[PDB]
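As structure tokens, one chain now follows by itself in the form deposited in one PDB entry.
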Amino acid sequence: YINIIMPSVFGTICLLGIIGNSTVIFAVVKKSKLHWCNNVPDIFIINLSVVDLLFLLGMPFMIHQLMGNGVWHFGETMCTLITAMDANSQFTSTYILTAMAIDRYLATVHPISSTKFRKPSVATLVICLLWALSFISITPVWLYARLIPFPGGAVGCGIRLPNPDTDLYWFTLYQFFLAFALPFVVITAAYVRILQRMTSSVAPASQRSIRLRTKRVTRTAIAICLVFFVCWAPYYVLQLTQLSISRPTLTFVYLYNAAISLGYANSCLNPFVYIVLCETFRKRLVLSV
């Protein structure tokens, strides 16, 4: 059962997230009037789906060394490339999700003063700048992604740090800060500020429309922050735990592989959060069908 449950979990996550991400990409393209014309929200939502699609397309190239026999079959050249490609999609998707929340913060708390620089041309430049920063943030990943000789005739793709006794700390800590901690602080801070400043003093808060407006946004800000936290906290909690752990046990191995799946599930749940919590997007998708 163990050899069958784990492959099914990863495969289900990969397929379900590909369907959702391909839907967001197609819908944004088909709703366009002029490319790069008053579609700043649409530029961010289609780049997040491309990176999430990349994070799932490269998933089977990363999990085949976890299920069958734990052996890399693609050689040392692909091991560096696939590990760097997979790690880039994790960092890039988290950065686009962070920037898609700063964009929503600016569109709400500063609706007049942000019209000067919330241009589709500026949005594309920001996203292209995120990819450049993502490549810099994955530089240690591909500099040390080499083959590892395991006991027996089997080898596996992995990370060979020059000083694993001492260099193990900065590799785990810097990924926790840049890819989990800092983005989650900004994403949480942005969405709570939206809920506190989403309506005006003159707005009739006693009216049903204003209360109904805050209720839907509140459950969308909570869902976005919570889904991001739940899908990446266990991965970086076990990541920090291995520093103290010297000889892992079977239960820890099962928990570690479960946490890896949750990280891939983040790219599966991002498209559906936009599909479900946007009534406007949900209605237009049905019209096309």
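Don't overthink the numbering: it's just position in the shown sequence, from 1.
This next part talks about the form deposited with a partner chain bound, which is not shown.
The partner is absent here, but in the deposited bound form a heavy atom of 168, alone among 126, 78, 192, 168, sits within 4.5 Å of its partner chain.
When its partner chain is considered in the deposited bound form, residue 60 lies well away from it, no heavy atom lying within 4.5 Å.
Its partner chain is not drawn, but in the deposited bound form it has a heavy atom within 4.5 Å of residue 172.
Taking non-hydrogen atoms only, residue 177 never approaches its partner chain to within 4.5 angstroms in the deposited bound form. Residue contact check for residue 73: none of its heavy atoms lie within 4.5 Å of its partner chain in the deposited bound form.
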